[PDB]
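Asker: query-v7.cif (mmCIF, C-alpha atoms) pasted underneath:
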```cif
data_protein
loop_
_atom_site.label_atom_id
_atom_site.label_comp_id
_atom_site.auth_asym_id
_atom_site.auth_seq_id
_atom_site.Cartn_x
_atom_site.Cartn_y
_atom_site.Cartn_z
CA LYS F 1003 -31.41 18.85 52.77
CA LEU F 1004 -28.12 18.09 51.02
CA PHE F 1005 -28.09 15.59 48.17
CA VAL F 1006 -26.24 12.50 49.42
CA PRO F 1007 -25.81 9.83 46.71
CA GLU F 1008 -26.66 6.23 47.52
CA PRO F 1009 -23.77 3.85 48.28
CA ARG F 1010 -22.53 1.59 45.52
CA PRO F 1011 -23.34 -2.14 45.66
CA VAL F 1012 -20.54 -4.54 46.59
CA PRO F 1013 -19.28 -6.64 43.66
CA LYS F 1014 -18.38 -10.33 43.64
CA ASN F 1015 -15.48 -11.45 41.46
CA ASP F 1016 -16.51 -15.11 41.06
CA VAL F 1017 -19.31 -14.65 38.52
CA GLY F 1018 -19.78 -16.90 35.50
CA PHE F 1019 -18.65 -20.36 34.49
CA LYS F 1020 -15.01 -21.35 34.05
CA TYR F 1021 -13.79 -24.14 31.76
CA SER F 1022 -10.38 -25.83 31.47
CA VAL F 1023 -10.45 -28.61 28.86
CA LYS F 1024 -8.05 -30.08 26.28
CA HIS F 1025 -8.57 -29.34 22.59
CA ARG F 1026 -7.53 -31.89 19.97
CA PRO F 1027 -8.03 -31.28 16.23
CA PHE F 1028 -8.46 -35.03 15.67
CA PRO F 1029 -9.54 -37.93 17.91
CA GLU F 1030 -6.86 -39.96 19.66
CA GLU F 1031 -7.71 -43.01 17.54
CA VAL F 1032 -6.19 -41.19 14.54
CA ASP F 1033 -2.82 -40.85 16.30
CA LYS F 1034 -2.43 -44.64 16.36
CA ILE F 1035 -2.16 -44.77 12.55
CA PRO F 1036 1.50 -44.76 11.40
CA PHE F 1037 2.59 -41.78 9.33
CA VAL F 1038 3.33 -42.02 5.61
CA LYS F 1039 5.46 -39.91 3.28
CA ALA F 1040 2.45 -37.70 2.49
CA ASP F 1041 2.11 -36.61 6.13
CA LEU F 1042 5.56 -34.98 5.96
CA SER F 1043 4.63 -32.52 3.20
CA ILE F 1044 4.14 -29.73 5.75
CA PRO F 1045 7.66 -29.01 7.06
CA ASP F 1046 8.39 -28.76 10.75
CA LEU F 1047 9.34 -25.38 12.19
CA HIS F 1048 12.80 -26.75 13.03
CA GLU F 1049 13.65 -27.22 9.34
CA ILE F 1050 12.00 -23.97 8.19
CA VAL F 1051 14.99 -21.76 9.10
CA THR F 1052 17.79 -21.34 6.57
CA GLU F 1053 21.48 -20.57 7.05
CA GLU F 1054 20.96 -16.95 5.96
CA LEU F 1055 18.57 -16.19 8.86
CA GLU F 1056 20.29 -17.90 11.80
CA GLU F 1057 21.72 -14.72 13.33
CA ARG F 1058 18.39 -12.94 12.83
CA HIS F 1059 16.56 -15.86 14.45
CA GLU F 1060 18.87 -15.77 17.48
CA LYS F 1061 18.53 -11.99 17.80
CA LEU F 1062 14.73 -12.20 17.65
CA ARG F 1063 14.75 -15.00 20.24
CA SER F 1064 16.88 -12.95 22.65
CA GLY F 1065 14.73 -9.86 22.10
CA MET F 1066 11.55 -11.84 22.70
CA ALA F 1067 12.95 -13.27 25.93
CA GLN F 1068 13.83 -9.76 27.12
CA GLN F 1069 10.34 -8.55 26.20
CA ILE F 1070 8.76 -11.46 28.10
CA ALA F 1071 10.74 -10.56 31.22
CA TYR F 1072 9.78 -6.89 30.84
CA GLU F 1073 6.09 -7.71 30.41
CA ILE F 1074 6.16 -10.01 33.45
CA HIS F 1075 7.63 -7.18 35.51
CA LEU F 1076 4.98 -4.76 34.23
CA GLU F 1077 2.22 -7.26 35.01
CA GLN F 1078 3.54 -7.65 38.56
CA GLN F 1079 3.67 -3.90 39.14
CA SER F 1080 0.23 -3.39 37.58
CA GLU F 1081 -1.41 -6.04 39.75
CA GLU F 1082 0.31 -4.59 42.83
CA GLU F 1083 -1.04 -1.14 41.94
CA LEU F 1084 -4.53 -2.56 41.35
CA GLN F 1085 -4.55 -4.34 44.70
CA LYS F 1086 -3.31 -1.14 46.37
CA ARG F 1087 -6.33 0.84 45.13
CA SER F 1088 -9.73 0.74 46.82
CA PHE F 1089 -13.13 0.09 45.27
CA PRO F 1090 -14.37 3.73 45.34
CA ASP F 1091 -11.58 5.00 43.09
CA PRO F 1092 -11.31 8.75 43.78
CA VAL F 1093 -9.66 9.53 40.43
CA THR F 1094 -12.71 8.31 38.49
CA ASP F 1095 -15.65 8.41 40.95
CA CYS F 1096 -18.34 10.75 39.63
CA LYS F 1097 -19.91 12.86 42.37
CA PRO F 1098 -22.45 15.69 42.36
CA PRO F 1099 -20.99 19.20 42.33
CA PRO F 1100 -20.97 21.10 45.63
CA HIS C 1388 -26.65 29.11 40.67
CA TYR C 1389 -26.87 25.66 39.05
CA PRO C 1390 -25.96 23.53 42.11
CA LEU C 1391 -29.00 24.47 44.19
CA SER C 1392 -29.78 23.03 47.62
CA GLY C 1393 -32.05 20.42 46.04
CA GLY C 1394 -29.26 18.82 44.04
CA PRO C 1395 -28.46 18.94 40.33
CA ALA C 1396 -31.39 16.61 39.61
CA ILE C 1397 -33.89 19.44 40.19
CA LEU C 1398 -33.58 22.65 38.16
CA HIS C 1399 -36.98 24.36 37.91
CA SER C 1400 -39.57 24.65 40.67
CA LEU C 1401 -42.17 21.88 40.70
CA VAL C 1402 -44.93 24.03 42.24
CA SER C 1403 -48.12 25.03 40.43
CA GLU C 1404 -51.47 26.70 41.08
CA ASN C 1405 -52.97 23.64 42.79
CA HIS C 1406 -50.42 23.68 45.61
CA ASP C 1407 -51.13 25.88 48.65
CA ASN C 1408 -54.64 26.69 47.38
CA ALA C 1409 -57.28 26.83 50.11
CA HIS C 1410 -60.24 26.52 47.73
CA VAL C 1411 -58.94 23.24 46.25
CA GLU C 1412 -58.06 20.36 48.58
CA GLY C 1413 -56.65 18.13 45.84
CA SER C 1414 -52.98 17.64 45.05
CA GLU C 1415 -53.51 17.72 41.27
CA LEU C 1416 -54.63 20.41 38.85
CA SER C 1417 -58.38 20.64 38.22
CA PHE C 1418 -60.97 23.10 36.98
CA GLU C 1419 -61.73 24.04 40.59
CA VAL C 1420 -58.26 25.60 40.72
CA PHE C 1421 -59.34 28.02 38.00
CA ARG C 1422 -62.64 28.37 39.89
CA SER C 1423 -60.65 29.88 42.77
CA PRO C 1424 -61.58 33.54 43.36
CA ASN C 1425 -57.95 34.54 43.97
CA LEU C 1426 -56.13 33.39 40.83
CA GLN C 1427 -55.34 35.27 37.64
CA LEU C 1428 -53.11 34.67 34.62
CA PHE C 1429 -51.33 37.29 32.50
CA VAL C 1430 -49.25 37.46 29.32
CA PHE C 1431 -46.19 39.72 29.41
CA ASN C 1432 -44.19 40.86 26.35
CA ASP C 1433 -46.21 38.29 24.34
CA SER C 1434 -43.57 35.70 25.32
CA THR C 1435 -44.13 35.02 29.04
#
```
For this file, write the structure as structure tokens.
Answerer:
Amino acid sequence: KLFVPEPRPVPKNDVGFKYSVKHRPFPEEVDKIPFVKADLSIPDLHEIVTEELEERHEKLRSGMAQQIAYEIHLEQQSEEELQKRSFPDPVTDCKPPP
Amino acid sequence: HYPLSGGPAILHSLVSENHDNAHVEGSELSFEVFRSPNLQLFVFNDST
């Protein structure tokens, strides 16, 4: 008779372990020690910007904010499209030739 | 003719001399198949 392929198995999304912990480079007992003048050798990011790059810094910040909004919108539309589609995706489901 | 009724998995016929032979009741090839008095093999064009 005709060749009818077997149905695909149903998948389950919740597979595998999930972890949500807090990472600290040093134990909390270290934080109790007061800082000395040697601990300030590495400058903070606040002081790393000079007067010649302030306008550039502001322009990059605004551009990055715009890009974040754009990427959030694209993520929303992509997840909506994904939830619209069904499991047996016709555009990429391989089937025997007639 | 590639998509035959049997599906793309099957391309060449799976039959042989043992099948549909009255003198041999087995389903596998054996010397009794050659012992059949109604079987003969030929070579054609030296390549068939």
Asker: Up to 7 Å from chain C, what residues of chain F turn up? Count all atoms listed in the file and give them as a short mmCIF file (atom, residue, chain, number, x, y, z; two decimals) with C-alpha atoms, in the frame of the given file.
Answerer:
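Result file is out09.cif:
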```cif
data_model
loop_
_atom_site.label_atom_id
_atom_site.label_comp_id
_atom_site.auth_asym_id
_atom_site.auth_seq_id
_atom_site.Cartn_x
_atom_site.Cartn_y
_atom_site.Cartn_z
CA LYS F 1003 -31.41 18.85 52.77
CA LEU F 1004 -28.12 18.09 51.02
CA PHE F 1005 -28.09 15.59 48.17
CA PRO F 1099 -20.99 19.20 42.33
CA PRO F 1100 -20.97 21.10 45.63
#
```
Asker: Just want the 12 Å neighbourhood of segment 1008-1021 of chain F, counted on all atoms listed in the file, with same-chain residues fewer than 6 positions away dropped. Output as a PyMOL selection string.
Answerer: chain F and resi 1089-1091+1095-1098
Asker: Can you spit out the residues from that selection as a PDB file, in the coordinates of the input, using C-alpha atoms?
Answerer:
```
ATOM      1  CA  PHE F1089     -13.130   0.090  45.270  1.00  0.00           C
ATOM      2  CA  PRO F1090     -14.370   3.730  45.340  1.00  0.00           C
ATOM      3  CA  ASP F1091     -11.580   5.000  43.090  1.00  0.00           C
ATOM      4  CA  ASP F1095     -15.650   8.410  40.950  1.00  0.00           C
ATOM      5  CA  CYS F1096     -18.340  10.750  39.630  1.00  0.00           C
ATOM      6  CA  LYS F1097     -19.910  12.860  42.370  1.00  0.00           C
ATOM      7  CA  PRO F1098     -22.450  15.690  42.360  1.00  0.00           C
TER       8      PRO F1098
END
```
Asker: Draw an axis-aligned box over all listed atoms of segment 1038-1057 of chain F, pad each side with 3 Å, and write its centre and edge lengths in Å, one decimal, as lines of an AutoDock Vina configuration file.
Answerer:
```
center_x = 11.9
center_y = -28.4
center_z = 7.9
size_x = 25.6
size_y = 33.3
size_z = 16.8
```
Asker: Suppose you want the space between atom CA of residue 1425 of chain C and atom CA of residue 1398 of chain C; what is it in Å?
Answerer: 27.7 Å
